[PDB]
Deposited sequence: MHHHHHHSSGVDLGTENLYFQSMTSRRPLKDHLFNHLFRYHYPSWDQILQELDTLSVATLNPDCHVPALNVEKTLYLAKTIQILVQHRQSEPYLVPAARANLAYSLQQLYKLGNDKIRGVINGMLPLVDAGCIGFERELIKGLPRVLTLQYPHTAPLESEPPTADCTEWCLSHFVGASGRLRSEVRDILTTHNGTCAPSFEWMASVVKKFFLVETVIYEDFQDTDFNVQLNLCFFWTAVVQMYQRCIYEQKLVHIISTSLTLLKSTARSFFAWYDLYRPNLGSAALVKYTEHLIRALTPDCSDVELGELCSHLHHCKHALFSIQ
């Protein structure tokens, strides 16, 4: 479905945007306005898309803190259910995760496997790093976790509402016991710790790589090129769309768009583009 890719992925696929863009269709009275109306339809689609992406970038500084809060919670639950050598390792991780200190993600990398070994000393032996440390996880849970964390090699990254759908699968398992890892409530919290540790790494790179900034730029570049084709047609044929000043005003709004644009700007633009579309329908 349209725009559903944006709700599922905080960082969406540029190719997916291009593919949805080419599914758009318009139904005009006079077929000489079919292509101009399609360019408006595509400009409107990109305007609403960028509007969502800008809101994702507003929410981006809150992704890692939300992941840290969940990991801190599961660490506190493991602390309740733990001997003092497990509590000792947790005591070295929980303060860093809580405050977000610079080296917290690496202390999780080293500390969580040690907690796993101390709990199951006899049966204990990145996406694959996280999954290979899961204990007491069903085949369906492991497969869902992998598909969430697979970035398609930089191309995307899942939204936080999309993670919660998988988070609840960690809990709703209170029906069977693993002979090698019998402490079910320990397994749930430790698996969540490995899961959220991989989440943090995935988001931290998307932030460092400026994934959202780049896709907003390429979207804006295509928006202006698509919109220019419409105003080129308008200036050439001068049709009666209700007001020449409104068209020139709408063109000014697009020209004023910058990569640092606000969602207020784009929502305003969508409303005016919607009028040009209705006027092209006559």
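**Item:** Stretches of the record's deposited sequence for which the structure holds no C-alpha atoms
**Value:** Missing from the model are residues 1-31, 157-165, 323-324.
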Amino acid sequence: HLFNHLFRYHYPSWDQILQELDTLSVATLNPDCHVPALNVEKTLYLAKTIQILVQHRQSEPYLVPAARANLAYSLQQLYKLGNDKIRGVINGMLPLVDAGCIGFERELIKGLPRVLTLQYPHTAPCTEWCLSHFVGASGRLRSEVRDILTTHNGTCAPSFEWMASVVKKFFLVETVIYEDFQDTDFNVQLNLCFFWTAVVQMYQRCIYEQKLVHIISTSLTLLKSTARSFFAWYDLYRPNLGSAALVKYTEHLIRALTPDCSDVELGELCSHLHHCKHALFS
From here on, numbers count along this sequence of modelled residues.
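**Request:** Report the stretch with the higher mean CA temperature factor, choosing between 260-268 and 21-29 on the basis of the entry.
**Result:** The deposited B-factors put 21-29 ahead on the C-alpha mean.
**Prompt:** Comparing 30-38 with 222-230, which stretch shows the greater average C-alpha B-factor in the deposited entry?
**Reply:** The deposited B-factors put 30-38 ahead on the C-alpha mean.
**Item:** Given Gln210, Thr123, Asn187, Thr197, the residue at which the Cα B factor reaches its maximum
**Value:** Within the set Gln210, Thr123, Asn187, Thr197, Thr123 shows the top C-alpha B-factor.
**Message:** Between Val145, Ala137, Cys156, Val167, which one tops the list for Cα B-factor in this entry?
**Reply:** Among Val145, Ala137, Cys156, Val167, the PDB entry lists the largest C-alpha B-factor for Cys156.
**Asked** Comparing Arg238 with the other modelled residues of its chain, is its CA B-factor in the lowest, middle or highest third?
**Response** Answer is highest: the recorded C-alpha B-factor places it there.
**Prompt:** Looking at the C-alpha B-factor of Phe104, is it in the lowest, middle or highest third of its chain?
**Reply:** It falls in the middle third of the chain.
**Asked** Which third of the chain holds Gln76 when residues are ordered by C-alpha B factor: lowest, middle or highest?
**Response** Lowest third.
**Message:** Looking at the temperature factor on the CA atom of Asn191, which third of the chain's modelled residues does it land in?
**Reply:** Within its chain, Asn191 is a lowest-third residue by C-alpha B-factor, going by the deposited values.
**Message:** Ranking the modelled residues of this chain by C-alpha B-factor as given in the entry, is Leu94 in the lowest, middle or highest third?
**Reply:** Tercile = lowest for this residue's CA B-factor.
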